[PDB]
Amino acid sequence: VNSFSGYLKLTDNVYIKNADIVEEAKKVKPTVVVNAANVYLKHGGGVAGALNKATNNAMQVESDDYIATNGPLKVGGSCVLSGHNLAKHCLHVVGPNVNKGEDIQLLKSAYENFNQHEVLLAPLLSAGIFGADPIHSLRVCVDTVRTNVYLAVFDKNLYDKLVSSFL
Ligand SMILES: NC(=O)[C@@H]1CCCC[C@@H]1Nc1ncnc2ccsc12
């Protein structure tokens with residue numbers, strides 16, 4: 001039993017809700033919140049900009065030190081950093097950004113990072129400003145993640161479409 005509330009159960013392990021991941025994180029304080037990161041951990045917009053703003057820029061400060069030490073992530077890769085005031089940990093995961101021409105096949109690799117964590121609050125990878133089809137992102141999620149994932153979909157219109165079209 002966990003503290004997530006109001007989710008629709010899609011499969012054995014995947015749950016979905018129309019919710020603002022920032023507000024969902026502030027309420028639940030999950031062990032792991034997933035950020036829709038880029039390889040530079042520059043949290044400018046989309047989910048990443050929103051998560052970082054909620055930390056008063058502390059996420060960005062920590063991220064800049066991480067990059068200065070380790071260099072950029074790989075597309076499809078991840079790193080674990082602090083969750084600040086939102087969660088115990090933040091798993092920064094880089095899905096392919098279609099508006100940069102990156103290989104959508106890397107979306108499965110990105111979701112594989114979730115399997116290293118028993119329970120996660122997450123957005124749909126590569127959705128929003130990363131330009132991929134969110135229906136496809138949900139499909140890859142369901143077919144790749146085996147751990148318990150609670151998906152927050154900000155746009156109510158998109159949420160209804162994802163549910164109604166889910167196979
Ligand atoms: N979840 C959604 O409806 C959007 C479409 C799917 C993928 C990305 C995007 N997610 C976001 N979630 C929370 N806050 C924000 C702020 C700006 S984008 C965003």
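Numbers here simply count residues along the sequence, with the first being 1. Note that ligands are numbered from 1 as they come in the structure, with each ligand's atoms numbered from 1 the same way.
- In this structure, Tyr150 and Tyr15 have parallel ring planes: the angle between them is below the 30° cut-off, well short of the 60° mark.
- Rounded to the nearest 0.5 angstrom, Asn52 CG and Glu62 CD are separated by 10.5 Å.
- Considering only non-hydrogen protein atoms, atom 7 (C) of ligand 1 sits nearest to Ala127 CB, 2.6 Å.
- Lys27 NZ: more than 12 foreign heavy atoms inside a 6.0 Å radius.
- For a threshold of 3.5 Å applied to N or O pairs, the pair formed by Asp155 and ligand 1 contains at least one separation below that value.
- Of the options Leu158, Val47, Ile129, the smallest heavy-atom separation from atom 15 (C) of ligand 1 is shown by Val47.
- For the atom pair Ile16 CD1 and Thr11 OG1, the distance stands at 10.5 Å (nearest 0.5 Å).
- If you check which protein heavy atom lies closest to atom 1 (N) of ligand 1, you get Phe154 N, 2.9 Å.
- From the protein, the heavy atom lying nearest to atom 18 (S) of ligand 1 is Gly46 CA, 3.4 Å.
- If you number the atoms of ligand 1 from 1 as listed, the ones under 4.0 Å from a heavy atom of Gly128 come out as 5 (C), 6 (C), 7 (C), 8 (C), 9 (C).
- Taking a 6.0 Å sphere around NZ of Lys88, one finds it holds 12 or fewer heavy atoms contributed by other residues, nucleotides or ligands.
- Residue contact check for ligand 1: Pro134 places no non-hydrogen atom closer than 4.0 Å to it.
- Ring centroids of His92 and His43 are separated by less than 6.0 Å, placing the two rings close together.
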